């Protein structure tokens, strides 16, 4: 004798995969020969011991490894290309380098971005291409965008891609180049056919007070050698408590009607050990409820989260039916947190 309530579709995190560069670089690698002010305390503070750099000489770029990862994931998940309704890509480096067979003769470019080109390469003939940017938190944004699209019935399969070719913006005459690294991540979100998986709640907010701290700027090297050519460089010049990430997690947990003790595991962005430790304690997460993964990969901008999520799944730290929280910060600055009810997530 009453009407029926409309229900948002549940969002299933179906599959995930990452593609890292084949070659690793130690802290004593000659690449940092021109870098001054390299102390042993510097390395220990940031928790990075190895890092990955794309090697274009052997076909490693932001696009080729995405095709590989995407094709691997599509085949492993038995997902037909024409069944993908939306493709959301992110790449923090404004400089792209490869467009595969779509635009074969196009090399270094500022535009177009990746979504449309990749969809043509992969044959996603029915996919709406989108390219979003939230820097280190772009993977969470793309899940948020995909989830809302699925919830409102505007898409049933969304392919998410984060490809960070940040090494092409590192000033190797400055120690700022010692932290960040390259990497790729691909994830598939679909309409849930049951209650196994869903994005329970999320919270996104931004604060531009310290915008000029971390920027991409056209400038000369910090310690140039010889005839120095201007380039687009990651620039960190400026002269604090990490509370916004906990704020985002509290907001997300409250929207989901949960508390920190209801969460089985946590996945944080990987800027530095002392920041992950600050975020964790700010929300009440114990050390055994999260991992530090920057040690062997470096800070892969938007890929650190999906890579940490993958290792958590692959290593059995995250299991089906677990409730997890994913959170992180990003230059801008922005902050995102997500409360996920996870089911079976295909790792490939």
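Numbering follows the first chain given and starts at 1.
query = Unmodelled deposited residues between residue 239 and residue 240: none, 1 to 3, 4 to 9, or 10 or more?
reply = 4 to 9 residues are missing.
inquiry  = I need to verify one thing: averaged over C-alpha atoms only, is the B-factor higher for 196-204 or for 174-182?
reply    = Looking at the recorded C-alpha B-factors, 174-182 comes out higher on average.
inquiry  = I need to verify one thing: averaged over C-alpha atoms only, is the B-factor higher for 223-231 or for 185-193?
reply    = Comparing 223-231 with 185-193, the higher mean C-alpha B-factor belongs to 223-231.
message = According to the Cα B-factor stored in this entry, which of the following is highest: 308, 64, 39, 302?
response = Answer for 308, 64, 39, 302: 39, with the highest C-alpha B-factor.
message = Among 131, 82, 164, 261, where is the Cα B factor highest in this entry?
response = Of the candidates given, the C-alpha B-factor peaks at 261.
request  = Ordered by C-alpha B-factor within the chain, which third holds residue 245? Give me lowest, middle or highest, please.
outcome  = Middle third.
request  = Using the B-factor values recorded in the entry, state whether the Cα atom of residue 271 falls in the lowest, middle or highest third among the modelled residues of its chain.
outcome  = Middle third - that is where residue 271 ends up once the chain's C-alpha B-factors are sorted.
ask   = Against its chain's modelled residues, does residue 112's Cα B factor rank lowest, middle or highest third?
value = Lowest third of the chain for residue 112's C-alpha B-factor.
task = Divide the modelled residues of the chain into thirds by Cα B-factor and specify which third, lowest, middle or highest, holds residue 338.
result = Ranked within chain, residue 338 CA B lands in the lowest tercile.
Among modelled residues of the same chain, the CA temperature factor third for residue 157 = Its C-alpha B-factor, which the entry lists for residue 157, ranks in the lowest third among residues of this chain.
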